[PDB]
C-alpha cells in the first residue's frame with residue numbers, strides 16, 4: 001500500500017528529533033524517525049506475530065522462518081549479499097520473533113537509505129529457502145534450544161507456557177529443534193519449504209506489521225523513499241493471534257510445582273492470570289501496584305522479613321500476557337528460615353493485601369509517583385537509538401500515531417474501580433505456585449521433554465488454604481508517608497562573572513576547604529558531590545578498623561530503609577570504607593539535596609545500636625573473613641599488591657585474632673572518640689549556587705560541631721605515607737605457595753619517578769608499546785597461560801607497571817620469558833619506525849583525550865587528583881605537551897639507567913605466588929628471599945613529595 005497521514009508529533013521538547021507516525025492500508029504501522037543530526041541511520045520491521053502463532057504441525061516454525069527469511073532473493077540469491085552490504089557499511093543487524101512480535105531491524109552507515117532499503121526489501125517476492133541453509137539453520141535452532149536448556153529464565157518461561165491448559169494453544173513450543181521442526185513435519189507429507197512459502201505469503205504478508213525507519217535527510221525525502229518501495233506488501237487478512245480465555249482454568253489455582261533449576265537458587269514464583277488492561281493504560285494499575293509491592297517503608301513487609309532475615313530478595317509484578325489475557329508474577333529469593341516458612345511468607349503477602357484493604361485506594365501515592373515519573377520522563381536525558389526503535393515499534397502496535405511516546409509514561413485519571421478489581425483479583429483463590437530449588441532432586445520425576453526439568457502437581461491441602469482465607473489479621477503493617485520534597489526547582493543556573501574553568505578553593509578555614517564548578521557540557525538538573533573524611537584512627541588498628549567497617553555496615557544498612565524511595569527518586573549516594581576513613585559521595589537531581597544531605601549528616605552524626613543486629617553483622621563479616629583465605633591467585637595477588645606497596649596494611653590474620661575480644665560497649669563508647677576531630681573537604685558540581693554552596697558547607701560543619709563538637713584537625717597531623725626506596729639496584733622478591741590453586745602467580749612492578757612531566761608519558765607510552773606487540777607475542781604467540789595482563793599501577797601517588805598474569809609455570813622460567821621480552825624490546829627500540837611511533841602516539845592521545853559523557857566521569861579523576869592533593873586540572877594539557885615532547889632518543893635514555901639489568905637506577909619489583917604444589921640467559925644478580933617483611937621494609941628510604949603548584 002501507498003498512503004500517508006501524519007503531523008507534528010508530541011516530541012517531548014528536550015529532544016530535537018523530528019517525528020512522523022502513520023499506518024499503511026495493508027496493516028503496516030509506520031513510524032518515521034527524522035534525525036538529521038544522526039550518524040547511524042537505522043531501520044526496523046516488526047510484525048505482531050507470536051512464537052505460538054505457528055501451525056500445530058511445526059513448533060517453532062516462525063523461529064526457523066525468521067532464521068531463514070534472510071536467504072535468497074530474485075535480485076541477489078547469494079547468501080550474505082545484504083550482509084555484504086552491511087559489511088561494507090559497519091552494520092550490525094538482528095531480528096527475532098517474540099511471544100507477540102516478529103521483528104527485524106538494522107542500521108546503515110550514514111546515508112545509504114535506499115541502498116540498504118533495496119538490498120533489504122526483496123525478501124517478499126522470492127523467498128528461496130535454500131536447502132543447505134535449512135539443514136545448517138535447523139542445527140542452529142537446535143543449538144538455540146540447547147543454550148535454552150541452561151538459561152533458567154527461558155526454561156521457566158516455557159514452563160509457564162506449556163503447563164497451562166494443554167489443549168489451549170498457549171501450550172505450544174517456541175524455539176524448536178532438529179526433530180520436532182524437521183524430522184516429524186516432512187514425514188507426514190507436509191513438506192517444510194512449501195509450507196514456508198505459504199506461511200510467509202498468506203500469513204505473514206497479511207497484516208500486523210509495525211515498522212520504522214530512522215531517516216536523516218528530510219521528511220519528504222524519506223517519505224517518497226520508503227513509502228514507495230513498501231507497496232510490495234499487500235493485505236491477505238489472517239485472523240488475529242489472540243487468546244480471549246485465560247489458560248489457567250481451574251486446574252491451576254493453588255497448584256504446586258517443585259522445580260529443578262540449573263544453578264542452586266531458591267525461588268517461589270507466584271502467578272496470577274489477570275485481565276487485559278491494555279485498555280486500562282491511562283491508569284497504569286499494575287506497575288504502580290508493583291511499586292507498592294517492592295516498596296520499602298514503615299511497616300514494609302520487606303523491612304519485616306529482612307529484619308527477620310527470612311528473604312534474600314523479592315519482586316512481585318505484572319507480566320505482559322497475550323492479547324486476550326495478561327499475567328502477574330511474584331518472584332522471591334529465599335533463605336532457609338525463609339525456606340521453612342514459605343507458606344507464612346505467602347501469609348505475609350496476604351497481610352499486605354489486608355493492609356491494602358485497610359487503606360483502599362489512595363490518590364496521593366499515585367499522584368506523587370505520577371508527577372515524579374512525568375517530570376522524570378520529560379527529563380530523561382537521551383537514548384541508545386537502536387533498540388529504542390524496537391521498543392517504540394513494540395508499542396506502535398498498541399497505540400495510535402501520537403499516543404506512542406507518552407503512552408504509559410503519561411497517566412491521566414484516577415481509577416479506583418480498577419484498583420478494587422485487582423485487589424479483588426489478587427486473592428488466595430487466584431494463586432498459582434511455582435517453587436524453584438536445586439534440592440528437589442529425586443522425588444521429582446515427571447521430567448520435561450524439551451528441557452529435562454522435573455516438576456510435580458502435588459496441590460496444596462485445604463487446611464492451609466482455609467487457614468489463609470479466613471485469617472486476615474495483620475501485625476506491624478503501617479503507612480509509608482510520602483517524601484517528595486519538590487524536584488520542580490530544576491531551572492538551569494547561568495554562570496556568574498566568576499567564570500573559572502575548574503572547581504576552585506572558594507572557602508578555606510582551619511575547618512573548611514571547598515571546591516566547586518558547575519555543569520557546562522551537560523546543563524543537567526543533577527548534581528554530584530565528593531566528600532572527604534579523615535581520622536588517624538583509621539590506619540592504626542585492625543580492631544578499630546573492623547569496628548569502623550562494621551559501623552559503616554550497620555549504619556548505611558540502617559537509613560537505606562528510609563533512602564529507598566529517595567534514591568528510587570534518582571538520588572544516589574555512597575558510603576565507602578577507605579584507609580583514610582570513610583568515603584562519602586552523593587549523586588543526583590536537585591530534588592532534596594541540602595535537605596536530605598542534612599538528614600544524612602545528622603543521622604550518621606547520631607545513631608543508635610541493637611545488640612543482636614550488632615552481633616549478627618559481626619558474625620556475618622566474621623564468616624566473610626575466613627572466606628577470603630582461598631582467593632584467586634590474581635585476586636590475592638592484587639591483595640599482595642596493595643600489601644607490598646604501603647606503610648602498613650593489617651592482614652586478615654591481624655583482623656582474625658582481633659575479632660576475638662570485640663564488645664559492643666567498646667566501640668559504642670569509642671565512636672565519638674573515633675569521630676572526635678576531623679577535616680572535611682567538599683568537592684561539588686552541578687546546578688547550584690556559589691553562595692548556597694557556602695551556606696551548605698557552613699551548615700554541615702556547624703551541624704557536626706553541634707553534634708559532638710568535632711574540632712578542626714591540625715596540619716601537623718594530616719599525614720600521608722610513602723613508597724619505599726630500593727637500594728638502587730637491589731631488586732628483591734619472595735614466594736607464596738598457594739593451597740587450592742595449582743597455578744603459580746607472579747606480578748612485576750616498577751618505580752620511575754613522580755607524576756612529573758616526563759614519567760607519565762614514559763609509563764603510559766611504554767605500557768602501550770607493551771600492549772599490542774606483547775599481546776601479539778607472549779599471550780598469543782607463546783601461550784604461556786590464560787590469565788595474562790600488562791598494565792599500569794598507581795601507588796602512593798606514584799605510577800608503575802603491573803602484570804596480572806597467572807599460569808602454571810616455574811616462575812623463574814617465566815621471568816626468563818619476561819627477560820626474553822626485554823631483549824625483544826631491546827631490538828624493538830630502533831625497530832619502532834616512524835609509523836609505529838605516530839600510530840602509537842595518536843592512539844595513546846585518543847586514549848588520553850576524552851571529553852566527559854557524564855557529570856561524574858571527570859569527577860572520579862578529579863577525585864584522584866584530590867586524594868593525591870594535585871589540583872592541576874590542566875595537567876592533562878601538560879601531558880599533551882609532553883606527548884608532543886617524547887623522542888626516539890629518549891627511550892634509549894629511558895632504557896639504560898632505568899630499564900636495563902645493569903641499570904644503576906633500577907627499581908624492579910616482583911613477587912612469586914606459587915602453585916598449590918610448586919634463547920640467551922643474562923648474568924642476573926641472585927635476589928634474596930624475604931622472610932621478615934617487617935625487617936624487610938624496616939630499613940629502606942622513601943620518596944619525595946611535591947614542589948607545589
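A short reminder: the numbers here are calculations on the coordinates, not readings from a lab. A quick note on method: Cβ atoms are made from the backbone with ideal geometry, for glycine too, and the neighbour counts reach across all protein chains shown.
Listed values, structure above:
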{"quantity": "Flag if residue 61 is closer than 26 Å to residue 98 by Cα and surrounded by fewer than 23 Cβ atoms within 10 Å (Cβ to Cβ)", "calculated": "no"}
{"quantity": "Unmet criterion (only one of (1) more than 26 Å from residue 194 (Cβ to Cβ); (2) crowded, with 19+ Cβ neighbours inside 10 Å) for residue 66", "calculated": "(1)"}
{"quantity": "Count of segment 708-717 residues which are touching a strand residue (DSSP E or B) at 6+ places or on another chain (Cβ under 9 Å) and either under 21 Å from residue 603 (Cα atoms) or surrounded by fewer than 15 Cβ atoms within 10 Å (Cβ to Cβ) (or both)", "calculated": "5"}
{"quantity": "Complete set of residues in segment 75-91 that are over 25 Å from residue 205 (Cα atoms) and either under 28 Å from the mean Cα position of the chain (by Cα) or in a loop (DSSP other than H, G, I, E, B) (or both)", "calculated": "89, 90, 91"}
{"quantity": "Residue count for segment 929-945, restricted to those that are surrounded by fewer than 12 Cβ atoms within 10 Å (Cβ to Cβ) and in a loop (DSSP other than H, G, I, E, B)", "calculated": "7"}
{"quantity": "Subset of segment 276-290 (residues that are in a helix (DSSP H, G or I) and in contact with a strand residue (DSSP E or B) (Cβ under 9 Å, 6 or more places away or on another chain))", "calculated": "285, 286, 287, 289, 290"}
{"quantity": "Residue within segment 647-661 that is surrounded by fewer than 17 Cβ atoms within 10 Å (Cβ to Cβ) and either in contact with a strand residue (DSSP E or B) (Cβ under 7 Å, 6 or more places away or on another chain) or under 22 Å from residue 557 (Cα atoms) (or both) present", "calculated": "no"}
{"quantity": "Selection within segment 731-760 - assigned to a helix (DSSP H, G or I) and either within 32 Å of the chain's Cα centre (by Cα) or farther than 22 Å from residue 847 by Cα (or both)", "calculated": "760"}
{"quantity": "Count of segment 326-360 residues which are under 20 Å from residue 291 (Cα atoms) and touching a strand residue (DSSP E or B) at 6+ places or on another chain (Cβ under 8 Å)", "calculated": "11"}
{"quantity": "Residue in segment 207-224 that is under 15 Å from residue 54 (Cα atoms) and part of a helix (DSSP H, G or I) present", "calculated": "no"}
{"quantity": "Residue check for residue 705: under 32 Å from the mean Cα position of the chain (by Cα) and either in a helix (DSSP H, G or I) or crowded, with 18+ Cβ neighbours inside 10 Å (or both)", "calculated": "no"}
{"quantity": "Of all residues in segment 902-923 being within 26 Å of residue 723 (Cα to Cα) and in contact with a helix residue (DSSP H, G or I) (Cβ under 8 Å, 6 or more places away or on another chain), the one that is surrounded by the fewest Cβ atoms within 10 Å (Cβ to Cβ)", "calculated": "903"}
{"quantity": "Residue among 871, 862 that is surrounded by 15 or more Cβ atoms within 10 Å (Cβ to Cβ) and either in a helix (DSSP H, G or I) or in contact with a strand residue (DSSP E or B) (Cβ under 6 Å, 6 or more places away or on another chain) (or both)", "calculated": "862"}
{"quantity": "Subset of segment 395-421 [in contact with a strand residue (DSSP E or B) (Cβ under 7 Å, 6 or more places away or on another chain) and assigned to a helix (DSSP H, G or I)]", "calculated": "396"}
{"quantity": "Filter pass, residue 309 being over 28 Å from the mean Cα position of the chain (by Cα) and surrounded by fewer than 18 Cβ atoms within 10 Å (Cβ to Cβ)", "calculated": "no"}
{"quantity": "Residues located in segment 262-275, provided they are surrounded by 18 or more Cβ atoms within 10 Å (Cβ to Cβ) and in a loop (DSSP other than H, G, I, E, B)", "calculated": "272, 273"}
{"quantity": "Helices (runs of 4 or more DSSP H) (entirely within segment 603-675) containing at least 1 residues that are in contact with a helix residue (DSSP H, G or I) (Cβ under 7 Å, 6 or more places away or on another chain)", "calculated": "611-625, 652-658, 664-674"}
{"quantity": "Residue match in segment 237-244 (condition: in a loop (DSSP other than H, G, I, E, B) and over 22 Å from residue 54 (Cβ atoms))", "calculated": "no"}
{"quantity": "Residues (out of contact with any strand residue (DSSP E or B) (no Cβ under 7 Å at 6 or more places or on another chain), within 22 Å of residue 523 (Cβ to Cβ) and part of a helix (DSSP H, G or I)) located in segment 843-859", "calculated": "857, 858"}
{"quantity": "Residues located in segment 682-697, provided they are within 31 Å of the chain's Cα centre (by Cα) and either surrounded by fewer than 20 Cβ atoms within 10 Å (Cβ to Cβ) or assigned to a helix (DSSP H, G or I) (or both)", "calculated": "688"}
{"quantity": "Residue check, residue 202 in a strand (DSSP E or B) and within 23 Å of residue 52 (Cβ to Cβ)", "calculated": "no"}
{"quantity": "Search result, residues across segment 830-842 that are surrounded by fewer than 14 Cβ atoms within 10 Å (Cβ to Cβ) and not in a loop (DSSP other than H, G, I, E, B)", "calculated": "830, 831, 834, 835, 838, 839, 842"}
